[PDB]
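# Structural overview
What follows is each chain in one-letter form.
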Amino acid sequence: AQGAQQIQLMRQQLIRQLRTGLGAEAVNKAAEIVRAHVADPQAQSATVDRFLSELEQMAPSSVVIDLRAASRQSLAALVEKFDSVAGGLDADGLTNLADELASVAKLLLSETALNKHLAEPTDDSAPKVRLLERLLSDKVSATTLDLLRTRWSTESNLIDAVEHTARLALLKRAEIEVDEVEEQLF
Amino acid sequence: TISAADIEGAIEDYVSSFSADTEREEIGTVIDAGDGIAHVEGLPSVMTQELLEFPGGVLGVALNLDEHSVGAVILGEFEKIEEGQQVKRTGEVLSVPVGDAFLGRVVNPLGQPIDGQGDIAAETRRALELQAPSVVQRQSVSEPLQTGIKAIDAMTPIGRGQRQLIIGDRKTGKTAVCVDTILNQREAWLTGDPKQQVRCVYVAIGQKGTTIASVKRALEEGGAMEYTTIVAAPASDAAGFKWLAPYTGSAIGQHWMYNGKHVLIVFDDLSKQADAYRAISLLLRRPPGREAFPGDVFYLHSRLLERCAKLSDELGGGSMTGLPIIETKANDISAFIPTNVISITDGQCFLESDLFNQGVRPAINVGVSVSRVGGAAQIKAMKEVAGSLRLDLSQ
Amino acid sequence: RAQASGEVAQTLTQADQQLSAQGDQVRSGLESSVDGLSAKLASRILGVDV
Amino acid sequence: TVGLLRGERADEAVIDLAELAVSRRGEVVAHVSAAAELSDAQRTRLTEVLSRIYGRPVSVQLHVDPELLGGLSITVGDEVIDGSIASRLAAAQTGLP
Amino acid sequence: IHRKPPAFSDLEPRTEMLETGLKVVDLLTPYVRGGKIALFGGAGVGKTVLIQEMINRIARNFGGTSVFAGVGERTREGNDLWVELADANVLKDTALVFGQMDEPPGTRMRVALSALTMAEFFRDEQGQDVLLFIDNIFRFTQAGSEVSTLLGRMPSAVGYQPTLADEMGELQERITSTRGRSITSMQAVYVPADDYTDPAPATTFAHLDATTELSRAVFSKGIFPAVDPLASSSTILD
Amino acid sequence: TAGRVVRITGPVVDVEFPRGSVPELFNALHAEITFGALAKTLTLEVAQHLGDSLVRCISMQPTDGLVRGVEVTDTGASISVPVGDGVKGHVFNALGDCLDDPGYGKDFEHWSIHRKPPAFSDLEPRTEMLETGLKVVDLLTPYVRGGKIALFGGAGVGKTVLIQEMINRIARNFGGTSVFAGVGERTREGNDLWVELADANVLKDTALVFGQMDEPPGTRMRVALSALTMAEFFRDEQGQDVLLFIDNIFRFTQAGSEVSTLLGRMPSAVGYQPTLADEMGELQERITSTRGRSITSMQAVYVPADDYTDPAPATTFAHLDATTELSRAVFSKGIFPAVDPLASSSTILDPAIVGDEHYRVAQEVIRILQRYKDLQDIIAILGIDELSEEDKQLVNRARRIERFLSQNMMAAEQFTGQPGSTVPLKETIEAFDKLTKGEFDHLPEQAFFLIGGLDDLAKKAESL
Amino acid sequence: XXXXXXXXXXXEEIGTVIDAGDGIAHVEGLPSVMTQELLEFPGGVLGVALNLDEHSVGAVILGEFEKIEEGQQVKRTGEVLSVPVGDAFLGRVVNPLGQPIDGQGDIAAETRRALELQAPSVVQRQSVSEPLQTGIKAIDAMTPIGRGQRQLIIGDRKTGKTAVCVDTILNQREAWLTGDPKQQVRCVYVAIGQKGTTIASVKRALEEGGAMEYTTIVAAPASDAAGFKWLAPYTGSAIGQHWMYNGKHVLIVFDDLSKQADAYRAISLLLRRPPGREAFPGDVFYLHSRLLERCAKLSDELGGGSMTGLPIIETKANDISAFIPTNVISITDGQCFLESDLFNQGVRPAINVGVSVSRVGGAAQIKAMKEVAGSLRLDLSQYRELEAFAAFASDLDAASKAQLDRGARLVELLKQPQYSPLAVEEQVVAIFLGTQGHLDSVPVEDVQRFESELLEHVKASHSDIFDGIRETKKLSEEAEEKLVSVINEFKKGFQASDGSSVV
Ligand SMILES: Nc1ncnc2c1ncn2[C@@H]1O[C@H](COP(=O)(O)OP(=O)(O)OP(=O)(O)O)[C@@H](O)[C@H]1O
Ligand SMILES: Nc1ncnc2c1ncn2[C@@H]1O[C@H](COP(=O)(O)OP(=O)(O)OP(=O)(O)O)[C@@H](O)[C@H]1O
Ligand SMILES: Nc1ncnc2c1ncn2[C@@H]1O[C@H](COP(=O)(O)OP(=O)(O)O)[C@@H](O)[C@H]1O
Ligand SMILES: [Mg+2]
Ligand SMILES: [Mg+2]
Ligand SMILES: [Mg+2]
């Protein structure tokens, strides 16, 4: 009985061998047919259009999102302070503020101890504001110091925030060519 | 005989059924790879112990979820992996295919075939980490798992729903005993009654390929492969398969168990699983505990073995019987892993080489060996004629 | 035992050669169907009746 | 930015600068790949679709490559659409019984 | 679940003997009613049987109340106990709490404190004397050691958490029987590798009045319940 | 475009590559050292990816002289060794360089040393016994033709004597083609072997690959793979049956540990690498006799401090079909080849394969020696006289059985001057059956040392 | 365009110590330093650049690390780890760096040789087929050492290991006085962790015996830093190899190699490498093998030179089964275990004839000794077991008693005093006296005197015995008859310390 069972087993294995051979030749020949069909842009653009239709049929957006909450809030407050400054600023003064912010970024990265001391968030930030002002008022434009008068969680992010404000200022100066700057950056 | 209609119909059915969902899904990138471990960036929505899908068809298990990276263990050929390449999420907590079509097959721990006899018509998928049945769902072991070995069935009985550790040194009779226990079930299988026939699973961890093949053909010699499945994590395969094989075996068992069937699971052997878990944990750089083993090596075996029991009549009455094997270096039983498994299981069959070499075979040390469910897993007649043989032989 | 084993071996070998011949017969027929099945599969892949 | 790279990679830095530029413009950017450049009407339709797949409107940068023999693939955030016909050939090859 | 143990002002020693009917126990390891009693033992020597026998012998006659804590024990014996207590009438007065080894470290840690909270309620707010059984209280510090390296504690000796002594004391000191309101505690302790020197048993030994130390060497001779007559000790044997 | 070195810690070297040109794992890279007489081209093998386009490599040659910043070029393929019928008769190293003829083999077909083991479906267990002509082996640990055999032992107990003896017992007459992988053994033995195989004229039918101790661990671990590639080529392509000697395979795991400590991976137990079992398995499973073809392998395994519980031997025990275990104590007794009868084992020692007459005698001998080894604890204190007669009669012939398992091997002729002896299986069975039944209990123990067969036993006893 | 811009952008080095601790330092700068480059610090101190990180270089300090401190300048020597070498080292005591420590004067070095140069491969080597006479009867008779051999001298504390190796070095003078480099063996004595007084005593003994004409001492005394102890064997082998490849014959003694293991343990643990067995790092095997495989005999296509190694290992309480002992036993071609239990009784040198083995064997033994002595080993082993038995035999057969007395007199024959190496031409006669039974009538208590006197008898008269042996390396019958005649003639003239004559 076990021998006959092995007979049946070999018969099933033969079925599988022919089945897999047929399927493999089928898929290979189908690849050949596909590549033969895809030989001119009349097919490319039509296929892209079919995909576009299928995506129109796709379910609508389902993800709102498309270095931490405290640092993020500090960045947003910097963004609001920049909103006020830019509401006051102009392209020439914007470039002046951008240059001042790049210089103060170089300063902050040079004097690491100052960043290590200042970046600790606490209530009663006014004396920290005076410490900042004693040096910011000498070598920085009034607007750069006014924005700098603004909680970040780490010194790296606090330093990056200056570059962020400078980028915002120079991009706003560009806006006073958004598409051109975006395309050239890409 | 072979017919053209079946082959043509299968090919045409696949061809006509073929379709792709074109679904949007999350993407990550490998930032580190080596020794079977991979650190992947991205995948914000990844679940703990989710199956990651690497581009060479290889899979992985996301064990660590750090603030900036995901630590994954590769379950397969890690050679093909490269830093910087794409990784997808499967949307599926660690799971394995299950179904009664696995009877007679040899499968990778992931539940895909290695016997060469083609794909498996799996019934469903079951997660490898489902919770064990609680105190209330279980029932008292009251029926015997006939081993056909006098030194066991009479002196230290094994019941359905019981865990009986087989703990020995090299070449003492562990695999012999378990293979015999699997072979003896044919006289019950041929009855066709689901309430007494026993389905078997032989999990090979760290065994060399020729030993797995010798077990396979020793089972075929006796007709056991009509109802026995083999989960093979051979020595060559990465530590992941070696760590995982017992859990997929337990899942294939639990499916039949909860469907009202009676199952038997042999783990050969769990010391290799402890070694693989040690390797994996050390590659992930978890600080090890005693004897370099991972801190939670106990929780590796406990949640593997506690998940075999006898269910109550309200859940079909099915059961799963485990026979874990432990290999003891230099024949000392009072060691860490053996003493853990001794405390997780219900009884000990301790195989001593110094008895094996003096004709006492199987070499069950009558003193240390015990079955704590005992005579409740025996037929009345044996309880009469063998009610005290263990204590008498120890004296 | 020996007699039954000999009969089993004879059955195995005769079935082997018979199945070889039968598979040789059927795969020739399958060679014809493969092309149409491939055209169907290509039509599935592209999404149009290629 | 180059004056203060402070450890980041140049390419990722400039790409993040572009992403900031577009975010401050109030939009988002997706990277698209296909075997051939889509027409202007096609691009306007693609934008009309992405504006329905994501809330804020999505701008696009096209990375043409002959690998995606047909169709196009879209990557945004860390989500991707595998629309290319070559992915379909790979699927049919691997999905075979 | 968490509460500080009773103040030293409220504690008194117990000296009333508890009769169980076990020759070796009643003779060489006499138990204390209202005291802290323990079984010790390696893997497999039969602690789970002896603790269920103590349930059978004490909680049967005991007219008060009782609680059973399953701390990292195997589930089959917990079910055997749940069925056995319902075959007799004792279950009407016995609360059960289970945190068995199938569950992860958190429950194995806190299940003991939960059952102990129930026992402390029975002690303080009612004054009805109570029997608290715990099986097995080593899994508590075991789970602690399992979570230690992940929490960020440096491992100590053979591999337990450094907090072991105080983490175990914060629990054990709560099982005490303040004056006028008794708790009779019976706790089983696992001995890793049969190594009675292991820090966990060595720390547990201090919190106990009577210790019925099982040993594999006796079990292999067929002597059952297999208590070591020499190592086992009791404070009331005066 | 190519990479640069950025870190060096012993033989391990970290290399940075352009963003998109990182090499795959186990790819071979070339680097230059130009100090002076130390100058050479280093081959590095990629072991890890560290991120940021940085990869960590294992150097196959000593890194002495390698300065940071030097360029590193990717070959795009693994380390490749020559294969073909022309490989036979010459000596190679791990990198495929011939030592006897430097340019040899550059034009041969080249195979990657890194390959996946054969499919499970193509495995079949072997059971045909191999007759070596050594009494203890042929009786208690019958080898398998096409299986995996190993010799364990500590330092200075008979690896080399017994290995060259087995070479004489099998390779001297084996009709197939032999490969000899010297994995971290002493070089002087390699030279002695290269001379001896020419004296015996066997060289023309065997290939030699050497990775001796002086070489750094990186190649010291890959030498085994290098030789195994040639062995499995002779297996799969030529269809010949093969003998694959390896000595010593423990040094493979030891080199693995050395490179592991440098790669930065955390240590396991007593100090081996993690994945120890995984590396050893990836090595050993490739050495297997697939269906229709055979590769007989004899391995030597070192055991440090005679600690048979050391993780490495304990791991390698799982892959072997026959395991001869040497012992210090038996060596001190003057017994040679000093095999421990009670520890050694063979999977084919079952009546279905070897027959009832063989099995019964083997198990009775094991029983006698086991009773002896249990009485040793008393023997050591009170002597034989305290034992009861049922124990004393047993011990008297136990000592004789133990000593009779010794044999005057052919290899030892160069040290003792006594000629070698080969005995057929049937004569060994007869002799040990007679011994267990007591037909020789009247002769003195010293008569039994280093005899050989029964006629030589009588000849020796007559002289005493 | 991009290439030219990159080139335009791209268009004596000194470093600084940033960290220093317990014999190791970290150095900033030095972008162009080679791995294992011999750096130098301001204090006249050297270092080995082991680890080259992305920002700093790890340097093990050789010598007085006390003189190093943060902020010091470090500069390249431009030489891979190397030592000066040449013939001028003969007769000098140098530290591992090749610098003179004896204060006897500067070193007229020929060249420089790196330490990490690989050993000769299988194809370059030749069989050990040439005798390295040690002059110890208990060794040359039973455990002969060939040139190119590695013979372990493993033993216990205070068991005469250094004494045996000094005797082996002294015995070579009889050959040095011949000008032919084929016999003209030269020696190196590497002292690791020995007391300074012991090194001075060895120096003195070699001077008194004339051995310093051809011996070089490398001294890493216990007082110096671990790095010196770690390098001492490698620099000794480097001094030896330069002679070896030029066709000279070299003898290297390592006294003792276990303390190099301990020093490398210290160095590794200070670098925070994870230790293995016995707290040793996983690569001590690659230490001792990397050292001992250098020793070989080269093929005539490469110069017929050779280097012989005699490593000493100290065993804790005679536990030969320890880690380092078994590692070195697995490397060397034999061992001569010196048992302390015999040393205290008076068997000196205390060679354990049972455990000792020469895995080259009689291939490197001259035919005369090979014939006369080749039986002695097994006869002494069976005598030892016969004695262990008869120690409690109330009575025993006469044959056992005769074998017992013969064994006792052979054991008394084998021993010899310190610094008294016997030429092989005399050793063969000394062993002939015993093996052929001519001592069967002399009392044990006089045997050692008897032999020592007869060799002087044959030295003053009947010199044709020693000459016939020396000039043919085989003991011919025409000489054996005169030998027996002289023995029997002397027996009548000799007398014991007490009792009768010796027949
Ligand atoms: N009951 C028995 N009677 C006689 N011989 C037996 C018995 N059981 C096993 N053997 C024999 O003893 C040997 C035991 O090998 P076994 O298959 O038990 O290895 P094992 O115990 O599984 O070790 P490992 O777990 O390392 O494979 C086999 O050669 C087998 O033939
Ligand atoms: N040939 C000899 N005969 C008798 N005694 C000797 C002989 N050689 C050495 N000794 C004894 O041993 C002492 C010197 O031994 P030696 O210095 O060789 O020991 P060692 O093995 O070097 O020990 P360590 O390595 O600790 O110095 C001598 O002072 C003397 O007592
Ligand atoms: N039958 C025998 N008679 C005498 N000596 C033997 C015999 N067998 C082995 N030996 C000795 O044992 C030694 C074996 O050393 P070897 O096996 O190479 O050790 P390792 O491999 O650990 O370095 C040889 O030098 C040889 O002299
Ligand atoms: Mg087994
Ligand atoms: Mg050897
Ligand atoms: Mg000394």
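Deposited coordinates in this entry are attributed by the record to cryo-EM, at a stated resolution of 3.4 Å.

For chain C, the count of helices and strands is one helix and zero strands. A compact globule built from 50 residues should have a C-alpha radius of gyration of about 10 Å, whereas chain C, at 20 Å, is more than 25% larger. Dimensions along the principal axes, computed over C-alpha positions, put chain C at roughly 65 × 20 × 5 Å.

This next bit is on the overall build of chain B. Tallying secondary structure elements over chain B gives 12 helices and 16 strands in all. The C-alpha radius of gyration computed for chain B amounts to 22 Å, which stays within 12% of the reference 21 Å derived for 395 residues, consistent with globular compactness. The contacts in chain B between residues at least 6 apart in sequence include a share of 70% that link residues at least 24 apart.

Moving on to the packing of helix α4 (residues 91-110) of chain A against helix α8 (residues 155-175) of chain A. Residue and element names in this part refer to chain A. Contact geometry for α4 and α8: axes closest at 8 Å, N-to-C directions at 160°. Taken together, the axis directions place α4 and α8 in an arrangement best described as roughly antiparallel. For the element pair α4 and α8, the recorded crossing hand is left-handed. Contacts from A91, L94, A98, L101, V104 and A105 in α4 reach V162, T165, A166, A169, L170 and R173 in α8.

Right, let's get into the packing of aromatic side chains. Tallied over the full model, the rule gives 28 aromatic pairs over all chains. Their ring planes at 55° and their centres at 5.3 Å tell us that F404 of chain F and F432 of chain F sit as a pair that is tilted. Of this pair, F404 of chain F sits in helix α11 (residues 389-404) while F432 of chain F sits in helix α13 (residues 425-437), and the two are 28 residues apart along the sequence. There is no split in this pair, since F404 of chain F and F432 of chain F are both buried. Taken together, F40, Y196 and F205 of chain E form an aromatic cluster joined through their ring pairs. Lying across the ring of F356 of chain B, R361 of chain B places its NZ or CZ 4.8 Å from the centre. Lying across the ring of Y190 of chain E, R139 of chain E places its NZ or CZ 4.9 Å from the centre.

On to the site of ligand 1. Every residue lining ligand 1 is accounted for by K171, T172, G173, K174, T175, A176, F356 and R361 of chain B together with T347 and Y359 of chain F. Surrounding ligand 1 is a set of residues that belongs to chains B and F. With respect to ligand 1, the backbone of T172 of chain B contributes an N or O atom lying 3.5 Å from an oxygen atom. Coverage of ligand 1 by the protein chains reaches 67% of its 630 Å² of free accessible surface. No other element matches helix α3 (residues 174-183) of chain B, which puts three residues into the shell around ligand 1. The residue inventory of the shell around ligand 1, partitioned by class, reads three nonpolar, four polar and three charged.

Contact with chain F, which involves 47 residues of that partner, is made by 55 residues of chain G. For the side of chain F that touches chain G, the elements supplying multiple residues, two or more each, are β1 (3-9), α3 (187-199) and α5 (250-263) of chain F. Examining the composition of the side of chain F that touches chain G, we find that five residues originate from one element, α3 of chain F, more than from any other. As paired strands, β1 of chain F and strand β4 (residues 45-52) of chain G are joined by two bridges and run antiparallel to one another. Bridged to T9 of chain F within β4 of chain G is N51 of chain G.

Close to ligand 3 lie 15 residues, the nearest being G158, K159, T160 and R186 of chain F together with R359 of chain G. Ligand 3 sits at a junction of chains, with neighbouring residues supplied by chains F and G. The contact in question runs from an oxygen atom of ligand 3 to an N or O atom on the backbone of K159 of chain F, over 2.4 Å. Considered on its own, ligand 3 offers 580 Å² of accessible surface; in the complex 89% of this is hidden by protein. In terms of residues, the shell around ligand 3 owes the most to one element, helix α2 (residues 159-171) of chain F, which gives three residues. Counting residues domain by domain, the shell around ligand 3 receives three or more from each of domain 2 (80-347) and domain 3 (349-464) of chain F.

With that settled, the discussion passes to the sheet that holds strand β9 (residues 233-234) of chain E. Residues and elements named next belong to chain E. Within the open sheet, the seven strands sit side by side as β5-β4-β6-β7-β3-β8-β9. Their pairing is mixed. Here the strands that pair on one side only, and so sit at the sheet edges, are β5 (94-99) and β9. Pairing of strand β3 (residues 36-41) with strand β8 (residues 210-213) involves four bridges; the strand directions are parallel. By the bridge assignment for β8, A38 is matched with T211.

Right, let's get into the interface of chain D and chain A. Counting residues at the interface gives 36 residues for chain D, matched by 35 residues for chain A. Elements with a contribution of two residues or more to the side of chain D that touches chain A: α1 (10-24), β1 (28-34), α2 (40-53), β3 (72-76) and α3 (85-94) of chain D. In terms of residues, the side of chain D that touches chain A owes the most to one element, α1 of chain D, which gives seven residues. For the side of chain D that touches chain A, the class distribution of residues is 22 nonpolar, eight polar and six charged.

To continue, consider the environment of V339 of chain F. Residue and element names in this part refer to chain F. Along the chain, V339 falls in the loop between α8 (328-332) and β18 (345-346). The exposure class of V339 is buried, given its relative accessible area of 8%. The spatial distance from the C-alpha of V339 to the C-alpha of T324 is 6.6 Å, given a sequence separation of 15 residues. Once residues within four sequence positions are removed from consideration, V339 is found in contact with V136, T324, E325, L326, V330 and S344.

This part is about the side chain of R174 of chain E. Residues and elements named next belong to chain E. Note on placement: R174 falls in the loop between α6 (164-172) and β7 (183-190). According to the relative accessible area criterion, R174 is buried, its value standing at 2%. Only 3.2 Å separates the side chain of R174 from the side chain of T117, close enough to count as a polar contact.

Residues and elements named next belong to chain G. Per the stated rule, a full pass over the model turns up 82 salt bridges over all chains. In this structure, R76 and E37 form a salt bridge, with 2.4 Å as the shortest nitrogen-oxygen distance. Of this pair, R76 sits in strand β6 (residues 73-80) while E37 is found in strand β3 (residues 37-41), placing the two residues 39 residues apart along the sequence. A relative accessible area of 28% means that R76 is categorised as partly exposed. The buried category is assigned to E37, whose relative accessible area is 0%.

On to the arrangement of the chains, then. Most contacts, among the 10 pairs of chains that meet, fall between chains F and G. Between chain C and chain F there is no contact, and the shortest C-alpha to C-alpha separation is 15 Å.

Rules used throughout
- Residues numbered from 1 in each chain as written, not as in the entry; some residues may be left out.
- Chains lettered and ligands numbered in written order.
- Part of a larger assembly, values for the part shown.
- Heavy atoms only, no water.
- Residues with missing side-chain atoms left out of burial classes, pairs and counts.
- Helix = DSSP H or I, 4+ residues; strand = E, 2+ residues; numbered from the N terminus.
- Rg over C-alpha atoms; globule rule 2.2 N^0.38 Å.
- Contact = heavy atoms within 4.5 Å.
- Axes fitted to C-alpha atoms, helices over the stretch in contact; angles between N-to-C directions.
- Parallel < 35°, antiparallel > 145°, perpendicular 65-115°, else oblique.
- Left-handed = near helix turned anticlockwise from the far one by under 90°.
- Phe/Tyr/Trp six-rings, centres within 6.5 Å; stacked < 30°, edge-to-face > 60°.
- Buried < 20%, exposed > 50% of the residue type's maximum accessible area, 1.4 Å probe, protein only.
- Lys NZ or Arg CZ within 6 Å of the ring centre and 35° of its normal.
- Near = heavy atom within 4 Å.
- Polar contact = N/O pair within 3.5 Å; in protein donor to acceptor, adjacent residues only side chain to side chain.
- Areas by Shrake-Rupley, 256 points an atom, 1.4 Å probe, with all protein chains shown as cover.
- Nonpolar A, V, L, I, M, F, W, Y, C, P; charged D, E, K, R; others polar.
- Pairing = 2+ DSSP bridges.
- Domains from an automatic or database assignment.
- Salt bridge = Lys/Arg side-chain N within 4 Å of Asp/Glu carboxyl O.

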